[PDB]
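In order of appearance the chains are A, B, C, D, E, F, G, H, I, J, K, L, M and N, and numbering begins at 1 in each one.
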Amino acid sequence: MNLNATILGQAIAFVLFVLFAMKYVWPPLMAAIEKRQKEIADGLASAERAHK
Amino acid sequence: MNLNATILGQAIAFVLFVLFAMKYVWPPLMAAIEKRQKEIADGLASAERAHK
Amino acid sequence: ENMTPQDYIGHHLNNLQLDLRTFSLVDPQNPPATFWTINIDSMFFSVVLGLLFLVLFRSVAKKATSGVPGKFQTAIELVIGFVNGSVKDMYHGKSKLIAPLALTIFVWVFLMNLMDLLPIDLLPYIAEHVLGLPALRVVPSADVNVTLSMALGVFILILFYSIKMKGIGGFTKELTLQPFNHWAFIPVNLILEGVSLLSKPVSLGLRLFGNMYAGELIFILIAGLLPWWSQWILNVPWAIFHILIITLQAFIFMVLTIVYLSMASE
Amino acid sequence: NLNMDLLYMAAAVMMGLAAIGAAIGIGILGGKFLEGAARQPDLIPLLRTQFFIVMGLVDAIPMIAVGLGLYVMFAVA
Amino acid sequence: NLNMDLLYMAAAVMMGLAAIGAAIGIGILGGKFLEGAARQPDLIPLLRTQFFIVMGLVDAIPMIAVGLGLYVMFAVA
Amino acid sequence: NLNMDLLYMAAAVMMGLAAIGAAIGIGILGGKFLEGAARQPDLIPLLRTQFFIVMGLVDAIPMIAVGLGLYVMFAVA
Amino acid sequence: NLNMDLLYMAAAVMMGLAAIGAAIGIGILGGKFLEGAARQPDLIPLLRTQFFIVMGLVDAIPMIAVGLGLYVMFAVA
Amino acid sequence: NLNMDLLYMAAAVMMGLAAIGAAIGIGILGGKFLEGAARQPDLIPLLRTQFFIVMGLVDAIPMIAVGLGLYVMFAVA
Amino acid sequence: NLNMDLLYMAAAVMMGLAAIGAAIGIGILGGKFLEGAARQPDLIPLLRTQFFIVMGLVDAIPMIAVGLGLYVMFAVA
Amino acid sequence: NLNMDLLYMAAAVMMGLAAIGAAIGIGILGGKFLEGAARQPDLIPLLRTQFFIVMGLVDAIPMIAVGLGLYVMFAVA
Amino acid sequence: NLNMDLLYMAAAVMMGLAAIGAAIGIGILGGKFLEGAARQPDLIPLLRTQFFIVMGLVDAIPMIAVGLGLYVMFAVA
Amino acid sequence: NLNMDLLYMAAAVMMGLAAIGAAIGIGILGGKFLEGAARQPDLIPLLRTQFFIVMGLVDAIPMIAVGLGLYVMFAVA
Amino acid sequence: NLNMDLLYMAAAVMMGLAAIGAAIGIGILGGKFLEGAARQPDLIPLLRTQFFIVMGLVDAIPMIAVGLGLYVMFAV
Amino acid sequence: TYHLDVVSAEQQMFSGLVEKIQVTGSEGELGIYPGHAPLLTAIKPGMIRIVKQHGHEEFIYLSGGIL
């Protein structure tokens, strides 16, 4: 339809949501999974030595 | 036209679509979340048991 | 109410522009000429859905537990795993930026597109009869401005990475030697690689825009051109089919962004 | 006025070309789907899943053309 | 006159292209169906069910083009 | 006068297209029929049944595309 | 001026399209027939029986077109 | 008058389309024939007989269109 | 004035051809994807990855065309 | 004067359709010949003989078309 | 005036043709890339390299066509 | 002035269809040549010549139309 | 006047049909090339030589057409 | 070069490294260079050309088999 300065404003609206995510959402959520995965892996290590 | 009749026509379709979703779309998502919760319960029960 | 259907369909295609110079609403009947006329509703539901997304994710990012997670945690970690798999498939660099960018794109576009499943007349009815606003359409993705905004973000990102990883020398090489490999062809190669580069973000934005614009436009027509006892039989199957489009057009924006960046760096 | 008949002509061409494209694309895709089903009859529903996924892509443009043709044919006229 | 004349040209092109699309698509689809059948005939009822599933998806848009050709001929006169 | 001398063109185009659609559609389908038969020639009567099952679907739209051509030639024109 | 020329044109499109369709459809069907022949050099008679059977269906509507193009150019014009 | 040229156009279309169709149908058929021949170099006379058999069925309608084009150019025009 | 006569036809040409191209291309590519899946499941995710990689390029020019069609049909006329 | 103008377009379309037909048909045939040649080099001369034998049938209808095209371009220029 | 409406129509035809060409060509190419991938995935990166190489060759002309379409549509207006 | 314009179109249509016929006709042909090459790298010197020997025939008519297209485009003006 | 618009039309037809021809021809050729290269991954360079050689013949008439189209659209 | 084994049900007929071979496959003559993609086919009775590393050609007669 019509180009509008809205195209510029949406660039402002966009970037911030990237940074707030990058800092305050993604790493904290990756840790939540990976720590549980580590616990299950060391569980397997214990299972190994348990019979060894 | 009467804008009244158009909204009355919209509501019917909207409710029908909502019911279709309720009985064909939401169930499998609850099933997937159930399955992931189930899997994590199994994994972590298996881990504490291995330590012991 | 003097609604000739062809004018009812006319109203629905009208955005609510804010004339910055007068800082005032641009009325539908006369459209002022200028580049300085923000589409208020489309940006408004853009930022509202983005805020809802980041709020609901902080509601877990700060409370998540590596135990047996809650039913609400399960869903967000599901989406996290899906996105992380998508990235770890097609990309192998170290840069931290890619994964959260993909997450934002996916969820934000999914919600914007999801807007279009709301009955067409609901919020436009409320917003003018309650709040007196003259025009309202409430699907953000259905406007060139938002989509080209996101795509021209991705474009700058492509340029940034394509420099950061192989510098101006390799970049001028790629812009000249491919495809034909002989220095004599470089005057042509400069153009063809140019278009093949510029097209990518344009193609992305226009794909999303066109799909959602047509999705909206079908609902408008169905509701404005049929009697009450018939609108359902065509509105229902369209919405059922449209679920798949609202999904795929977010997924593909995510995946193509990932691919363009991973290909620019690696 | 000379303004109107062109509209129905244009809508006709739009929807004709869209019908050709969508029908032939879906025929090709479905034919490969059916040969796959013949090879792996116990997998049929998974292949149906992938088939619907890809058909959602296929029908992207043809449904755009349908709407705009219909808009011209009724919303302009 | 001409206002009532070109309509037939438009409806003709519309339904002709719709016919080409439906015919070619269903032909490809049925050909693959027969290939699958001939390789393992006991499976014919299942493959036929899948074929009749896909066939409606093929026919979806051509038939709306056809309906609009009928409309242009009769209702727009 | 044009008001009828150009309706023939419309009827021509319509069933002209419908002819190639119906021809090739059966041409492709018939091809895979002969291919399967030659591999398992004793099975022809079963496959020949299925060929007729789908052949009616291929020509559904073309046939009405022929009728409306004639109807234009004789009912309006 | 606006009468006779255009009837030759309508017949021309009718028959050109019918020719494309008939030719290519029979070509496809014949190609499959010939590979069947090369694989079962004993069954040429049976395969050719079935080939003529189906070819009878292929060329129907193209002839429905050809005869009507003739009618146009020789009965009407 | 002007009309003396348009029949050239009608013949041009009616004949060029028959050229397209005849060339392509015969191409496909001969391709499958050469394949069968490369497999069965001891059978080429039988295969080539059958090839001419069905090639006569293919190129029939093209010849009708070509004859009509010749008639319209030389006899009528 | 005449602009809103002709430009709708322009848009219809643009979008119909874009629809043909995108639908046929995606049909072919998805067909090869499906026949790859049935040949070897446990690769479905990997082949789906590569399928989207390729599909991104198919749609480029068709999508540019669709965008410009919408632009002219709504921005200009 | 339009007789001096349209009759260039007449030969144009004749020659264009003839060109496409001949080129596509001979491409298909030559491809099926070449892929046999790669597989059965000891047959090369026999296959090439059969190839010219069949290609003589391809160019016939296209050659009718090109001769009349040149006739119109020069004789009744 | 009269110029602009035809300049838009010409851009439409040019870009629609460019779209069909690019789309179908890249689809034909991606099909072979995918079927090569399905038989031996470990070669995926080498095949993807070859594919992104040849895809530029196929993309050569269509991008010129669309560039000149834009030039006509906007720079000349 | 009048007479020039329409002949640039007739020049186009001749080279337009000649370009498609040649490019695709040779694309099909070259494809099988490369298939042969990959099966027998020891025969590339042999097949390369048989490619050319056949390549000359396919693009004969396109070369003609390109010539006469240039003629009308410059000589006939 | 009524003149120049039709010349742009002729050029557009030439160049669109050139796009169709060149793109589809190289698509077919490149598809067969990719499958051949997947078959014999050692001889990729030789097959690339063959591919470029025959691709030169593919694009000939399309390149002539593109040249004439640019001519007509600019030189007249 | 790649390693090649020609073996019968009874005895090993050939072994060692090779540069290339040419075989009359069931569906047409054929030639295997190194890195060739996995393939399986029957072969017709006749000679199989070997060129052993350093270009030493030789013909082995095979009464048929599977490659």
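We take it that a contact is a pair of C-beta atoms (placed from the backbone, for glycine too) under 8 Å apart; a residue touches a chain by one contact, two chains touch by 3 or more.
Centrality by C-alpha centroid: the chain sitting nearest the overall protein C-alpha mean is I.
Set against one another, B-C and K-N show the most C-beta pairs in contact at B-C.
Spacing of subunit C relative to subunit I, judged by their CA centroids, is 18 angstrom. Subunit E and subunit G have CA centres that are 21 Å apart.
We define each chain's centre as the mean of its Cα atoms; on that basis subunit B and subunit G are separated by 55 Å.
Counting partner chains per residue, subunit N shows two or more touched chains at residues 28-29, 33, 37.
For subunit I, the set of residues that touch two or more other chains comprises 5-6, 9, 11, 13, 15-18, 20-22, 24, 26-28, 31-33, 35, 37, 39, 51, 53, 55, 59-62, 64, 66, 69-70, 74.
Subunit C has residues 67, 69, 77, 144, 199, 207, 210 in contact with two or more other chains. Every pair of chains in contact is given here: A-B, A-C, A-I, B-C, C-D, C-I, C-K, D-E, D-I, E-F, F-G, G-H, H-J, I-K, J-L, J-N, K-M, K-N, L-M, L-N, M-N.
Contact residues on subunit B toward subunit A in their complex (touch as defined above): 40, 43-44, 46-48, 50-51. The touching residues of subunit N, when paired with subunit M in their complex, are 33-37. Those residues of subunit I that touch subunit A in the complex are listed here as 70-71, 74-75.
Across the interface of their complex, subunit D is touched by residues 6, 9, 207, 210-211, 214, 217-218, 221, 225, 241, 244-245, 248 of subunit C.
Of all residues in subunit F, those touching subunit E in their complex are 2-3, 6-7, 9-11, 13-18, 20-22, 24-29, 31-33, 35-37, 39-40, 43, 46-47, 50-51, 53-55, 57-62, 64-65, 68-69, 72, 76.
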